[PDB]
Protein chains: 6
Amino acid sequence: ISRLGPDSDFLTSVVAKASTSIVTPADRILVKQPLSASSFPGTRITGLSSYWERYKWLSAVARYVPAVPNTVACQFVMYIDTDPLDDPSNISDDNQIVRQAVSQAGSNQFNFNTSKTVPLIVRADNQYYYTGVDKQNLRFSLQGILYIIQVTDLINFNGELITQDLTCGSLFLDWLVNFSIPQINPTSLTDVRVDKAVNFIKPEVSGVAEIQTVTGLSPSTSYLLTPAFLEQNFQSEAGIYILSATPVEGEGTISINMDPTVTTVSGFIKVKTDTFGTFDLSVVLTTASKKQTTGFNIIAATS
Amino acid sequence: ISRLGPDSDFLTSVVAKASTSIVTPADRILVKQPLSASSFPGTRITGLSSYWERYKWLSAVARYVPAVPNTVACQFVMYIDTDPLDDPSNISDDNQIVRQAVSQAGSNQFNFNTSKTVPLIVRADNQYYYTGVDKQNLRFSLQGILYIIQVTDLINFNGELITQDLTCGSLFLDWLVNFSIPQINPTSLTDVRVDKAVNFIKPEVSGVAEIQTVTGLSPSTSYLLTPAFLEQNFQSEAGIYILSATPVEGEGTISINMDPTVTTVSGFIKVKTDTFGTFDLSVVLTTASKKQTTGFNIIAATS
Amino acid sequence: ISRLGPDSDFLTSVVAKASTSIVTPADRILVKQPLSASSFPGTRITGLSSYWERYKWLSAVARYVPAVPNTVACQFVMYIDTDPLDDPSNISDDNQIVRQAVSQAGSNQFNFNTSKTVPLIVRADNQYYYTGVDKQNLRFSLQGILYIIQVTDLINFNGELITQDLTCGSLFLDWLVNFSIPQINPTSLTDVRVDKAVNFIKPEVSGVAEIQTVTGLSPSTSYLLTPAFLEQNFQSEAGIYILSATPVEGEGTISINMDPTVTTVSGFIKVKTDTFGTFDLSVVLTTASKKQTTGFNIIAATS
Amino acid sequence: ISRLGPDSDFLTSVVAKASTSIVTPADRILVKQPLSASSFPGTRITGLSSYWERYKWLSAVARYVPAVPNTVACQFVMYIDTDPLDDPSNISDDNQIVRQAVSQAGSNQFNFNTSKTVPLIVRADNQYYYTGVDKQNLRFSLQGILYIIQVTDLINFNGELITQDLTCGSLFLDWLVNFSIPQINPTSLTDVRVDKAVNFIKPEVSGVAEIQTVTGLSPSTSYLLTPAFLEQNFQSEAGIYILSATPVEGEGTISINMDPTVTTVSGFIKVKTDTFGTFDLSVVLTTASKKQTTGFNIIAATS
Amino acid sequence: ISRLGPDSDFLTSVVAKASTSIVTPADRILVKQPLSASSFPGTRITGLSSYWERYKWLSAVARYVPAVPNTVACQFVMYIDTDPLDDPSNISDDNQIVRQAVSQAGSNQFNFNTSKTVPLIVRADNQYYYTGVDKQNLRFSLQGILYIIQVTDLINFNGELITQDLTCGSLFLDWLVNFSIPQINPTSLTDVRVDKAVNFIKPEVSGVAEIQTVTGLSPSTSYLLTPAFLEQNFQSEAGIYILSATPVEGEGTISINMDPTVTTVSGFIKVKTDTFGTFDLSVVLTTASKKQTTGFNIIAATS
Amino acid sequence: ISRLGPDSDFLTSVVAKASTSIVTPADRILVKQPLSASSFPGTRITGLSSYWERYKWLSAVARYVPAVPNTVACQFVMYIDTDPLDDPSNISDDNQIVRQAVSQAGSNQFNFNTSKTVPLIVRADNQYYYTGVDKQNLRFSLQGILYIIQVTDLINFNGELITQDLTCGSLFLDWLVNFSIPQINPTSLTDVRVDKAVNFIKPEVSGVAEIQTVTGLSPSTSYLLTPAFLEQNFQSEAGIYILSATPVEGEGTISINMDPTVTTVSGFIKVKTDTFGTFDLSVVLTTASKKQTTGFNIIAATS
C-alpha cells in the first residue's frame, strides 16, 4: 500500500443563508459534500485517486476557515457521517436535525467566524473503499459525507437579522491515505471547458494564405479548435464565403463553406502551443472580398 | 519523499525499418523516447507526475517484448543516455553511432525477436529533476532519453532482405521513483479528442420539443458538445432552419440559425452521462418542414 | 559553510484589492515575491547574499501580520512554489487557481486580519542555489516564489462589498541559511537615490569665496553632488553667470557657466560629512551682480 | 555569535619613499591603516561589518607580499598597535620610533622584497568593539591600527640611493571574526561614483522620438542618470534647444531647456540594464535643427 | 564512480603585459581559463573527459611556475571563481577588480617570479557537472574559471617600467576527479592540422608509374592526403597535365587534370605509415614532358 | 593502478561464409581480432588506452549476439589465443584447425543463432602489457587474439546449402582492466575522414563579399576545409577565375586562381561551428561573370 500525505485540498465555499431563506428543516443543510477520494473535481486528491483502486482516509480532518468579519454571528455544527446512505435531508423537525448533528462523533460546534476542525472517525475494521466515480452502491466507495447545519438565525452587530445570503468561508481538507492496487481506472474525471472565443483575421488577398498568431494561452498544452460564428449575414454582398484554416504544426482542418447550395461548417484542429503560450495557423480564403468575421472556440481539458 | 512503484507503463511501438529505407546513419534511430516522468502522455506515471515537483528514477528498467516471429532476424542495440542534450542524430558514420551505443553503460544488444531489458543507470549524486512539460533547459527535467539503433539489415528465413517496414515490438517501463514537494503543477497534459460524430434527430412537429437519446458513451464522464454539419443545402425548400438544443440536466445551449440575413452557428453543451453511458437533450425546431440533417461533435478529455 | 540566522526581513506590503477590481483569475495574485537571497533590495539578507556564492533556506517561514481592523474580512491563501518557472498567472479558471494554491505543501489559509505563517519546504536533496542577480535560468538561483491569492470578495461589518483598494498587512521572513564559497559577487544591488535638492547661496562680493554649510544629512557618509537648476532667466540683467564650487576637503569641481557663447553646466563633487552630518563647500562668483538662484542635487547610495 | 572566516582582504598598496623624501621622524610612517571591521571600503569584511553590531578579530594576521625585484633593498618594521589613541606620529627621534615599533608584540622585521606576516594580538578579556563608522571615541570601535615604518635608506644593487618613490607591495589581511547582534547599521559606506560620461544622439526629425542604446555597462544594476554638458554655444544658430529624455522602462525625466528667458537644466533618470548590460531611452527634440551635443553622467554605487 | 589522478596538465602560458598596455581595468585580466574537464584541448584530462558524462574536481590545485628572472618584479593575484557566469570583465574600477580577486576563497597573491599554488574550493553539496563541449547554460558544465590579475606595474632591477610584453610563466593543474556514467560523448574535440606540405616527384617516363617515398612522419598513424599546388603555369609548354596518385596499401585516389576543357583537381588518400614513419604511393603521368611541380598537403588529427 | 569497467565495446561484425567460398583450411577463420587495448579504433577502450602505459584484462569476456533467424544453422567455435605469435592460419588440415580451437581454454562452441560468451583466461603471473600501436614484438602489447572458426557448412531450413555470404552477428566485449603509469602516449589513433563535399555559392557582384552558411554539421567541433573541384571548364567564357574564401571567425585562407599563367589551387581553413552546427565564411570573387562551380571538402577527425 502506498501511503500519501499529509496535504490540503480545497473542497467548496459555504453560503450561509439568511433567516428568511430557511423554510423547512431540510433547508438548513448548507453543504453536502461527499468525502470520497474521487469527489473533489480538480484538486490534488481526485487527480491521484484514479490511479489506484482502493483508499482509506487514515485522518481526513476537515478544516473551516472563515471569510466573514467579527461583527456578524451565526452558530454552525459540522459532522462527517460515515454511513453514506443515511440521509438527514428527510427529517421534519428542526431541533431533531441538530441533535442528530451533534450526536455524530467528531462533530464540532462553532461560531461561523472562527477556524475549527472536524476529524473523520475511521471504522474499527481495515476496510478499503473503491475509488473512481460511483457505481450501483454508494457504500462501496464513500467513506463519509460532510455536512454543515445552520442552527441559529444570521445575526449582526446590533442584534438584527441579516436578510441576504452571505458566502462566509471555505472548507479545506487535511488528508492522509493508504492507496492500493494501481489501476489507471477508466471513465476519467477531466471536464473540458470552452477556454475563450477568438475570431479569425480578415485577409486582404484572395487565395494567398496568412499566418494568424493567437497569444495569451497556457504554455505547451494541447488544445482543440472548433468553429462557431454568431449572427453573420453572408449575403450582404456577392461572392462565396470559403474559409479553410490549418495549423502549421498540428493536426486537422476547419472548412467553413457558406455556399447555400452545399453548406459545410465542420472540422477541428488539434495543436499545442510553444513555450510562450502562442500558436499560429494558416488561413486562406478563395474569395477575400467578403468581410464577414468568423469565430472559433478553444476547447481544453482543465483538470 | 513519496516512494512509488514498481509498476509498468506502455511507452511506444517500434517500427523496424527495411534495408532500403536506411540512407544516412542518422536514419538508424528507431525510437527517441525521453524518459522524463512527464513524457508518456496517457500512462500512469505521467498522470502522477503533475502532482509533485521533483522525481528520480531509482530503477527504470526499460523492457522490450517482441511481436515478430522467429523466422526473421535483425540485431538491435538499446541504451539510455543520461545526458539529455547529447545527441547522436548528427553523427555521419554508421559504425560510429553503434560504437557510441554499446559504450553507454547499461546498453544491451539483442536480436529483435527476444525479450531483453535495459536498466537506467542513476547519477552518483542525489539529484532531483523537475516534472512537468519542459522549460528552457532540458537538463533540469530529463533524466534519460531512450534510443534503439538498428545495426543489421532486416533479414528473413532464407537470407534475403525484407523490403517493407515492420512494426516489431513494444517498449514497457518498470519504474521506481521518489517524488517530492506536492504541487498541482499547471499546464496540464490532458489532450482533448473528438470522440465521435453523431447527428440530431429529424422531428415531426414544429415548435414542440423532442428528447434525443445518444447511447454508447462512457459512464459518468463529462462531455462537451460542439455543433458542426457537413454539406447541407438549406435552400432546397422554403422556410428558415432554426435548431435549438439544450440538455435536460447539463449546461449550455446550441443555436443553429441558417437565416442568410443573420446566421448563427454557435454554442456548446456541457453534460455528463448517467451510470449507463447515455444522456438526453431537448431538441426543438421552429420550422420542422425542413429535413436537412445537422450533426454535432463530442469533445472529451481522454487522459 | 557559514550558517546564519535566525533573523527577520521586511519583504513588502500587500494591497488587498476590491471586488470590482478583480476581472480575470490572473488578477487575484496580490504579491508575487521571489524568495531568492538576492531579491529583497535593501534588507539584511540581500546585503549579505552578495558575499557568498551559494545559499539554501533551511527554514524560511514567511510571516504575515495584518494592519486592518477586526470589522472587515477577506480570506487569503498563501504558498511558496519551489518551482520558479511554474507560473499560476496563466490559469483561466478562478476556482482552479485556488485549488492549485492549497494543494502546494506548506500553504496556509487565513482571514486577512490574523497573523499566520507559511513555511518553505526544502527539497529532498542538498541542493545549493546561486546568489546574486538572475542569469539565464531562474532554476539555478530561486528556491521559491511567494504568492498570496484572494479567494473571497472584500466584505465589511454589515455584509457589503468594500469598493476601494486597502493596504492590509506586511510580509516578514524568518530565515536560516547555509552560505558557502565567499565571493564578492559583482553587479552590486545598491541603488542610488536623489537624496534632496538644495540650492547655492547668493553671495555679495564678486570674486571672493564664501562657505556654504548644508545641514541635516547622514553622519560620515560619502555623497555625490550634481548641479541642476530649474527655470532661470540669466538674461534679465547684464553680466555673465559664472559659478564655481569646490569642497574644502573632498574631491571634484562644479563649473556653471551660462555664457551663451560657450555654455558649460557640468562637474561633480565627492565629499563626505563630518560626525554631525554637515559638510561645507567654497562658492565663488566672478560676477555677483546676478541674483539668479542655482540648485544642486545630492546623489547617495542608500542600500 | 556568528563566526566567519578565514578569508583575505586587500587593504592598500604601500609606497616606499626615497632617502631624500624623509625629513622628520614622523615621515617614516608609510601606511597608517586602521584595522577596524568598517575601515576597508569596498572589501568583503566592510560590506559584512554593517550587518552586525560587534566584532572581534580572533586572528587577523596581516600579510605583506612584495612587488619589487631582488636587486633593491630596504628594511621595514611592521606592527599592529592595539591602543588606537596611542600615536607614534609625534615622536621626534628617528631611533625612538623604531624601538617603539619592535617593542610592540607581534611585530615583524623584514626586507621589503620578502613575504612576511604580522599577527594581531588579541586582548586578554573577551572585549567586543562596535562596527560601523567611528563615533566620538575610537577605543570603542578600533581593535588595532596597522603601521609600517621604514628603518633604512632605499638602496639598490650597487650600494647607491634610489632617489624616486617606489610602490613596493600590497597588504593582505587573513581574518577570523565573531560578529554579534544583527543590526542593519545606518550611515552606509557605499560611495557613489561617476561611471562614465556619454552624450545623447543627434536626432533628425523634430518632435519624433528616437531610441538611444548605450552599451558596455554592468548587467542588471540600477544606475542614476544626471545631465551635464560642456562648452556649448546654443546661440550659434536660430531655434530653442529643448531636449527631453525618458527611459522606456525606468523612472524619471530629464529636461534640458536652453531658452534664455526660462532656463531649466535638471532632472534625473533611474533605470537598470538588461542581462546584456544595455539600456535604452527615448529622446525627443522639439527643434532638431540645432546640432549642439549634450552629455549626461552615469552615477552608480560601486561598493 | 571512477576516481582518477593525481596527475598534471599544461593549461597555457601567461603573458604579463607592460604598464603602457593597460588602459581599462578590464585589461588587467591576463588569463581567463575555464577549468572544465573538457576545456584543455590536447591534454590528458580533456581526452579522458569525453568518455564519461559527469565529473567533479575533488582537488584541482592550479600551480604557477615562472620563467622570468629574479631581477624583474610584478605582483599577481590568482583565483578560481566557482560561479561561471559571474564576470569580472565589466568592472570599471581598477581597485575594485583586485579587492574582488583577493576576496574569493583560495586566492593567492604572489610576485610573478615565485612558484605558488591556488586550490579549487569544492561546493558544499555533491554536485556533478556535465563534461563535453558547452551547451546552453555554462553552470551545468563549468566548475570554475581561472583568472590572473596584474595589480602592479611591471618593474625592473632599477625601479623603472618595462615597456614590452613579457611571457612569464606557465600554469599547471594538479587534478583529482570522480568521473561517472561512461558515454562516448559525441562532438569530439580532436582538431585536425595541416602537418606539412610536400610535393610529388617529377617522373621521367610517360605512363609508367613510380614509387615516391615520403619520410619523417609519425610511426603507424593514419593520415589524409589532399592535393594543393601553388602558382604553376601549365601552359608554358605543350601537353596535358594529368597526374594520378594512388597509395600502394591505403585507400583513395587523387586526380589532377589541368585540361582547360575539363579541369579536375580533387580526391583524397587515406594511408597509414609503417613502423618507421614512412609511406609510399604510386604516381603515374600520361604526359611526363611537362615539368611543373605539384604539391599535396598532409592532414592529420593531432589530439 | 586505475581499475576501470565493466563496460561494453563493439568490435566488428562477422561474415559467415558459404560452403563454396571455403577452399583451404586457412579460409575458415572468419575474424582475427586482436584483443589489445589499442586495437578497436573508435571505441571507448581504445580512446582510453592511449592515456596510460600498461593494461591487463582482468576479465574481457567476448560476447556474440546473432543477427540471423532460427531457420538457418551453422556451428561456430570461438577462442582467445593468449600467445599472439601462435598462428593457426598455416595449418593444412581442416580437422586440425578445429581440434586446435576447442583445445584452447575458455573456448565455446555454439550454433550461430545463439548468444554465447567466451572469457579471456588471464596469465598466472601479474604481467602488464604495453598500450598503443604495436612496436617490434607483439608479445609485449597483445594479451590475446580473438578467432572464430566455421566448422560446418552453412545449412538452411530444408537441409540445403546456402550459396551466398551472410553477415550473421556482432562481437561485443565486456572488459575490466588495470591501467597504470599515465602517459599521453604519442602516435595517436584518431583517423581523419572526408565528412562531406559541398560547393561554394555563385555570387552576383564582382569584388563584393557574400556570406555562405553551411548547415547540418556537428555542434562545436573544429573542422578543416580543403578545396577540390571536379571537371570544370574555366575557358568556356572570358575572364579570370579568382576565388578567395576566409572564415569570419576561424583561421586560414583558400586561394583559387585558375589563371593559366600562374595557377594556384591551395589553402586551408580551420573553423569550428556554433552551437547549432553551422559556420559561415566570406566568399569574394574579382570576376563574378564566370559561373563555374567550385567545391571544397570537409576534413574532420572522427574518433
# chains A, B, ... in the order shown; residues from 1 in each chain; ligands from 1
>>> residues_around(residues="residue 265 in chain D", least_positions_apart="4", cutoff="7 Å", atoms="only C-alpha atoms", output="CSV table (one decimal) with N, CA, C and O atoms, in the first residue's frame")
chain,number,residue,atom,x,y,z
C,228,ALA,N,22.1,71.1,-11.0
C,228,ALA,CA,20.9,71.1,-11.8
C,228,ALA,C,20.0,72.2,-11.3
C,228,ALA,O,19.7,72.3,-10.1
C,229,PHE,N,19.5,73.1,-12.2
C,229,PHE,CA,18.7,74.3,-11.8
C,229,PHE,C,17.5,74.3,-12.7
C,229,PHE,O,17.4,73.6,-13.7
C,230,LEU,N,16.5,75.0,-12.2
C,230,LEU,CA,15.1,74.9,-12.8
C,230,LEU,C,14.6,76.3,-13.1
C,230,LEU,O,14.4,77.1,-12.2
D,255,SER,N,14.9,67.2,-18.3
D,255,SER,CA,14.5,68.3,-19.1
D,255,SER,C,15.7,69.3,-19.3
D,255,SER,O,16.3,69.7,-18.4
D,256,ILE,N,16.1,69.5,-20.6
D,256,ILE,CA,17.1,70.4,-21.0
D,256,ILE,C,16.5,71.5,-21.8
D,256,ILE,O,16.2,71.3,-23.0
D,257,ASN,N,16.3,72.7,-21.2
D,257,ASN,CA,15.7,73.8,-21.9
D,257,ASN,C,16.7,75.0,-21.9
D,257,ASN,O,16.9,75.6,-20.8
>>> interface_residues(of="chain D", to="chain E", cutoff="8 Å", atoms="only C-alpha atoms", output="PyMOL selection string")
chain D and resi 7-10+42-44+65-72+156-157+166+169+195+216-218
>>> write_last_selection(atoms="N, CA and C atoms", output="PDB file, in the first residue's frame")
ATOM      1  N   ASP D   7      39.185  34.344   5.420  1.00  0.00           N
ATOM      2  CA  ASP D   7      39.279  34.819   4.045  1.00  0.00           C
ATOM      3  C   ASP D   7      40.374  35.871   3.962  1.00  0.00           C
ATOM      4  N   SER D   8      40.517  36.467   2.782  1.00  0.00           N
ATOM      5  CA  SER D   8      41.501  37.511   2.548  1.00  0.00           C
ATOM      6  C   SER D   8      40.811  38.802   2.133  1.00  0.00           C
ATOM      7  N   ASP D   9      41.533  39.910   2.279  1.00  0.00           N
ATOM      8  CA  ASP D   9      41.020  41.249   2.021  1.00  0.00           C
ATOM      9  C   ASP D   9      42.184  42.147   1.637  1.00  0.00           C
ATOM     10  N   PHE D  10      41.996  42.922   0.579  1.00  0.00           N
ATOM     11  CA  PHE D  10      43.035  43.813   0.084  1.00  0.00           C
ATOM     12  C   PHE D  10      42.948  45.150   0.801  1.00  0.00           C
ATOM     13  N   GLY D  42      34.972  48.826   0.415  1.00  0.00           N
ATOM     14  CA  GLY D  42      34.856  48.069  -0.805  1.00  0.00           C
ATOM     15  C   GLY D  42      35.187  46.600  -0.682  1.00  0.00           C
ATOM     16  N   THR D  43      35.827  46.186   0.408  1.00  0.00           N
ATOM     17  CA  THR D  43      36.254  44.807   0.551  1.00  0.00           C
ATOM     18  C   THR D  43      35.098  43.925   0.997  1.00  0.00           C
ATOM     19  N   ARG D  44      35.435  42.693   1.370  1.00  0.00           N
ATOM     20  CA  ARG D  44      34.401  41.761   1.798  1.00  0.00           C
ATOM     21  C   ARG D  44      33.996  42.022   3.238  1.00  0.00           C
ATOM     22  N   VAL D  65      52.951  40.994   0.714  1.00  0.00           N
ATOM     23  CA  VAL D  65      53.651  40.382  -0.415  1.00  0.00           C
ATOM     24  C   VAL D  65      54.249  41.479  -1.288  1.00  0.00           C
ATOM     25  N   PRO D  66      55.481  41.320  -1.757  1.00  0.00           N
ATOM     26  CA  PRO D  66      56.159  42.432  -2.420  1.00  0.00           C
ATOM     27  C   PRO D  66      55.896  42.447  -3.914  1.00  0.00           C
ATOM     28  N   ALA D  67      56.140  43.610  -4.508  1.00  0.00           N
ATOM     29  CA  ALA D  67      56.068  43.775  -5.951  1.00  0.00           C
ATOM     30  C   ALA D  67      57.329  44.445  -6.462  1.00  0.00           C
ATOM     31  N   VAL D  68      58.469  44.094  -5.883  1.00  0.00           N
ATOM     32  CA  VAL D  68      59.727  44.786  -6.129  1.00  0.00           C
ATOM     33  C   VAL D  68      60.751  43.683  -6.395  1.00  0.00           C
ATOM     34  N   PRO D  69      61.782  43.894  -7.211  1.00  0.00           N
ATOM     35  CA  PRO D  69      62.723  42.811  -7.514  1.00  0.00           C
ATOM     36  C   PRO D  69      63.666  42.524  -6.353  1.00  0.00           C
ATOM     37  N   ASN D  70      64.550  41.552  -6.570  1.00  0.00           N
ATOM     38  CA  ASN D  70      65.557  41.169  -5.590  1.00  0.00           C
ATOM     39  C   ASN D  70      66.857  41.947  -5.737  1.00  0.00           C
ATOM     40  N   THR D  71      66.841  43.077  -6.439  1.00  0.00           N
ATOM     41  CA  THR D  71      68.042  43.871  -6.645  1.00  0.00           C
ATOM     42  C   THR D  71      67.986  45.222  -5.951  1.00  0.00           C
ATOM     43  N   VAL D  72      66.886  45.547  -5.277  1.00  0.00           N
ATOM     44  CA  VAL D  72      66.836  46.711  -4.405  1.00  0.00           C
ATOM     45  C   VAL D  72      66.435  46.236  -3.018  1.00  0.00           C
ATOM     46  N   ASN D 156      70.077  50.285  -3.724  1.00  0.00           N
ATOM     47  CA  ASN D 156      69.966  49.499  -4.945  1.00  0.00           C
ATOM     48  C   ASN D 156      71.103  48.479  -5.055  1.00  0.00           C
ATOM     49  N   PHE D 157      71.246  47.909  -6.255  1.00  0.00           N
ATOM     50  CA  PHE D 157      72.134  46.772  -6.492  1.00  0.00           C
ATOM     51  C   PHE D 157      73.617  47.092  -6.324  1.00  0.00           C
ATOM     52  N   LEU D 166      58.774  54.573  -4.846  1.00  0.00           N
ATOM     53  CA  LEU D 166      58.653  53.253  -5.446  1.00  0.00           C
ATOM     54  C   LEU D 166      57.571  52.472  -4.724  1.00  0.00           C
ATOM     55  N   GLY D 169      54.677  46.963  -2.630  1.00  0.00           N
ATOM     56  CA  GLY D 169      53.991  45.754  -2.251  1.00  0.00           C
ATOM     57  C   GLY D 169      52.519  45.989  -2.056  1.00  0.00           C
ATOM     58  N   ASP D 195      30.439  56.909 -13.272  1.00  0.00           N
ATOM     59  CA  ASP D 195      30.903  55.738 -14.005  1.00  0.00           C
ATOM     60  C   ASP D 195      31.578  56.114 -15.316  1.00  0.00           C
ATOM     61  N   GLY D 216      27.976  48.541 -22.911  1.00  0.00           N
ATOM     62  CA  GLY D 216      29.193  48.471 -22.130  1.00  0.00           C
ATOM     63  C   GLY D 216      29.044  48.780 -20.659  1.00  0.00           C
ATOM     64  N   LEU D 217      27.906  48.457 -20.054  1.00  0.00           N
ATOM     65  CA  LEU D 217      27.712  48.695 -18.635  1.00  0.00           C
ATOM     66  C   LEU D 217      27.513  47.361 -17.917  1.00  0.00           C
ATOM     67  N   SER D 218      27.360  47.419 -16.598  1.00  0.00           N
ATOM     68  CA  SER D 218      27.240  46.194 -15.821  1.00  0.00           C
ATOM     69  C   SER D 218      25.849  45.592 -15.995  1.00  0.00           C
TER      70      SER D 218
END
>>> residues_around(residues="residue 144 in chain F", least_positions_apart="2", cutoff="9 Å", atoms="only C-alpha atoms", output="PyMOL selection string")
chain F and resi 33-36+80-84+120+142+146
>>> select_by_dssp(residues="range 39-133 of chain D", states="strand (DSSP E)", output="ChimeraX atom specification")
/D:54-55,62-66,75-81,108-111,116-118,129-130
>>> write_last_selection(atoms="N, CA and C atoms", output="CSV table (one decimal), in the first residue's frame")
chain,number,residue,atom,x,y,z
D,54,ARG,N,28.7,44.1,16.7
D,54,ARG,CA,30.0,44.0,17.4
D,54,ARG,C,30.9,43.0,16.6
D,55,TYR,N,32.2,43.0,16.9
D,55,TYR,CA,33.1,42.1,16.2
D,55,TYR,C,34.4,41.9,17.1
D,62,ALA,N,48.1,40.2,9.4
D,62,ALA,CA,48.4,41.0,8.2
D,62,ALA,C,49.5,40.4,7.4
D,63,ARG,N,49.4,40.4,6.1
D,63,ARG,CA,50.3,39.6,5.2
D,63,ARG,C,50.8,40.5,4.1
D,64,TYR,N,52.1,40.7,4.1
D,64,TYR,CA,52.7,41.6,3.1
D,64,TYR,C,53.3,40.7,2.0
D,65,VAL,N,53.0,41.0,0.7
D,65,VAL,CA,53.7,40.4,-0.4
D,65,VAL,C,54.2,41.5,-1.3
D,66,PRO,N,55.5,41.3,-1.8
D,66,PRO,CA,56.2,42.4,-2.4
D,66,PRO,C,55.9,42.4,-3.9
D,75,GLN,N,64.8,47.8,4.7
D,75,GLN,CA,64.3,47.1,5.8
D,75,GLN,C,63.0,47.8,6.3
D,76,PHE,N,62.0,47.0,6.5
D,76,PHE,CA,60.7,47.5,7.1
D,76,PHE,C,60.6,46.9,8.5
D,77,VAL,N,59.7,47.6,9.3
D,77,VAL,CA,59.2,47.0,10.5
D,77,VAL,C,57.7,47.3,10.6
D,78,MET,N,56.9,46.4,11.1
D,78,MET,CA,55.5,46.3,10.8
D,78,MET,C,54.8,45.8,12.1
D,79,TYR,N,53.9,46.6,12.6
D,79,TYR,CA,53.2,46.2,13.9
D,79,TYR,C,51.8,46.6,13.9
D,80,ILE,N,51.0,46.2,14.8
D,80,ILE,CA,49.6,46.5,15.0
D,80,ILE,C,49.4,47.0,16.4
D,81,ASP,N,49.2,48.3,16.6
D,81,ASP,CA,49.1,48.8,17.9
D,81,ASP,C,47.7,48.7,18.3
D,108,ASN,N,57.2,42.4,13.2
D,108,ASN,CA,58.0,41.5,12.4
D,108,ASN,C,58.8,42.4,11.4
D,109,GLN,N,60.1,42.1,11.3
D,109,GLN,CA,61.1,43.0,10.7
D,109,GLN,C,61.6,42.3,9.5
D,110,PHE,N,61.3,42.9,8.3
D,110,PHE,CA,61.6,42.2,7.1
D,110,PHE,C,62.3,43.2,6.1
D,111,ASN,N,63.1,42.6,5.2
D,111,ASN,CA,63.5,43.2,4.0
D,111,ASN,C,62.3,43.4,3.1
D,116,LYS,N,56.3,38.4,4.5
D,116,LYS,CA,56.3,38.2,6.0
D,116,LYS,C,55.0,38.6,6.5
D,117,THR,N,54.6,38.0,7.7
D,117,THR,CA,53.3,38.2,8.3
D,117,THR,C,53.4,38.8,9.7
D,118,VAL,N,52.4,39.5,10.0
D,118,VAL,CA,52.2,40.2,11.3
D,118,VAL,C,50.9,39.8,12.0
D,129,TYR,N,34.1,45.2,20.1
D,129,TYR,CA,34.2,46.5,19.6
D,129,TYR,C,33.0,46.8,18.7
D,130,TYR,N,32.6,48.0,18.6
D,130,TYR,CA,31.4,48.4,17.8
D,130,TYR,C,31.9,48.4,16.3
>>> residues_around(residues="residue 279 in chain E", least_positions_apart="4", cutoff="9 Å", atoms="only C-alpha atoms", output="count of residues only")
12
>>> atom_distance(atom1="CA of residue 222 in chain B", atom2="CA of residue 300 in chain B")
7.5 Å
>>> atom_distance(atom1="CA of residue 3 in chain A", atom2="CA of residue 177 in chain A")
5.7 Å
>>> select_by_dssp(residues="range 95-126 of chain C", states="helix (DSSP H, G or I)", output="list in words")
residues 96, 97, 98, 99, 100, 101, 102 and 103 of chain C
>>> write_last_selection(atoms="N, CA, C and O atoms", output="mmCIF file, in the first residue's frame")
data_model
loop_
_atom_site.group_PDB
_atom_site.id
_atom_site.type_symbol
_atom_site.label_atom_id
_atom_site.label_comp_id
_atom_site.auth_asym_id
_atom_site.auth_seq_id
_atom_site.Cartn_x
_atom_site.Cartn_y
_atom_site.Cartn_z
ATOM 1 N N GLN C 96 -9.695 27.152 -10.176
ATOM 2 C CA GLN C 96 -8.528 26.306 -10.394
ATOM 3 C C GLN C 96 -7.293 26.912 -9.747
ATOM 4 O O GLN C 96 -6.412 26.187 -9.274
ATOM 5 N N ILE C 97 -7.230 28.242 -9.682
ATOM 6 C CA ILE C 97 -6.033 28.908 -9.180
ATOM 7 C C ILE C 97 -5.972 28.807 -7.659
ATOM 8 O O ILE C 97 -4.906 28.955 -7.050
ATOM 9 N N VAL C 98 -7.103 28.492 -7.023
ATOM 10 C CA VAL C 98 -7.104 28.390 -5.570
ATOM 11 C C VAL C 98 -7.097 26.936 -5.127
ATOM 12 O O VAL C 98 -6.783 26.638 -3.970
ATOM 13 N N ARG C 99 -7.445 26.005 -6.017
ATOM 14 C CA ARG C 99 -7.153 24.604 -5.744
ATOM 15 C C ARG C 99 -5.677 24.323 -5.962
ATOM 16 O O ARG C 99 -5.107 23.419 -5.346
ATOM 17 N N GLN C 100 -5.050 25.086 -6.856
ATOM 18 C CA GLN C 100 -3.618 24.962 -7.079
ATOM 19 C C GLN C 100 -2.834 25.596 -5.941
ATOM 20 O O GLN C 100 -1.676 25.241 -5.705
ATOM 21 N N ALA C 101 -3.462 26.512 -5.202
ATOM 22 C CA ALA C 101 -2.775 27.191 -4.111
ATOM 23 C C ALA C 101 -2.791 26.354 -2.839
ATOM 24 O O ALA C 101 -1.797 26.297 -2.110
ATOM 25 N N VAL C 102 -3.918 25.704 -2.542
ATOM 26 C CA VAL C 102 -3.989 24.911 -1.319
ATOM 27 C C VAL C 102 -3.293 23.570 -1.497
ATOM 28 O O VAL C 102 -2.909 22.931 -0.510
ATOM 29 N N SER C 103 -3.113 23.116 -2.739
ATOM 30 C CA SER C 103 -2.502 21.813 -2.964
ATOM 31 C C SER C 103 -1.002 21.835 -2.738
ATOM 32 O O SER C 103 -0.434 20.800 -2.378
#
>>> closest_residue(among="E:221, E:264, E:114, E:297", to="residue 170 in chain E", atoms="only C-alpha atoms")
E:114
>>> atom_distance(atom1="CA of residue 242 in chain B", atom2="CA of residue 287 in chain B")
6.7 Å
>>> closest_residue(among="E:203, E:189, E:219, E:1", to="residue 123 in chain B", atoms="only C-alpha atoms")
E:1
>>> residues_around(residues="residue 236 in chain D", least_positions_apart="2", cutoff="10 Å", atoms="only C-alpha atoms", output="number ranges by chain")
C: 260-262; D: 232-234, 238-239, 290-292
>>> write_last_selection(atoms="C-alpha atoms", output="PDB file, in the first residue's frame")
ATOM      1  CA  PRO C 260      25.699  81.782 -24.396  1.00  0.00           C
ATOM      2  CA  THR C 261      28.905  81.764 -26.474  1.00  0.00           C
ATOM      3  CA  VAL C 262      30.387  78.841 -24.515  1.00  0.00           C
TER       4      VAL C 262
ATOM      5  CA  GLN D 232      28.114  74.522 -25.928  1.00  0.00           C
ATOM      6  CA  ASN D 233      27.166  77.693 -27.795  1.00  0.00           C
ATOM      7  CA  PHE D 234      23.417  77.253 -28.275  1.00  0.00           C
ATOM      8  CA  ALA D 238      18.284  80.052 -34.572  1.00  0.00           C
ATOM      9  CA  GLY D 239      15.821  77.982 -32.576  1.00  0.00           C
ATOM     10  CA  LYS D 290      20.161  72.740 -33.546  1.00  0.00           C
ATOM     11  CA  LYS D 291      23.099  70.321 -33.611  1.00  0.00           C
ATOM     12  CA  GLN D 292      24.807  71.134 -30.313  1.00  0.00           C
TER      13      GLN D 292
END
